[PDB]
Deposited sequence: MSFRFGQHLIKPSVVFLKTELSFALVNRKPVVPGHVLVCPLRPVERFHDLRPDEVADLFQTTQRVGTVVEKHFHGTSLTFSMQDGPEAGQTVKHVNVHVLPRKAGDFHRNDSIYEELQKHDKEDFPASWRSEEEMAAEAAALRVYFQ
């Protein structure tokens, strides 16, 4: 019941949801704990975001990171937004990639829902 470009994201893999943004797990994380934060409204370019959704997108992005860094035992975070077709954007929806980091660094929907469930505990 979450739009992410032209796909619908089953709540099962969504682990946080604010008034304006939401965060979810990946089918192929680049690193354990690689997750995403996207505004609820489907805009394709970061510049299309009202300034309230931008505050919200990154206050949420701040929070989500503190948790996966904890949860997945990282010591540093890597944040990044691929904003446009020439920046590598594949899904035309704004979305921050949050990747926990460590010194020297595909799955089933159920493994995704398991992971989202664990992440939901930290936002309780």
Hey, which stretches of the deposited sequence didn't make it into the model?
1, 107 to 128
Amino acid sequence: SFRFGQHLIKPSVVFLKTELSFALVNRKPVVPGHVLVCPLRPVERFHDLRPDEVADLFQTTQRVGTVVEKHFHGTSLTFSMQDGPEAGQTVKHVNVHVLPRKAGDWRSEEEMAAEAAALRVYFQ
From here on, numbers count along this sequence of modelled residues.
Higher avg CA temperature factor (48 to 56 vs 88 to 96, as deposited) belongs to 88 to 96
Check the entry's C-alpha temperature factors for 61 to 69 and 35 to 43, then say which stretch has the higher mean.
35 to 43
Sorting the chain's CA B-factors, does residue 16 end up in the lowest, middle or highest third?
lowest
Here the Cα B-factor of residue 116, set against its chain, lands in the third termed middle
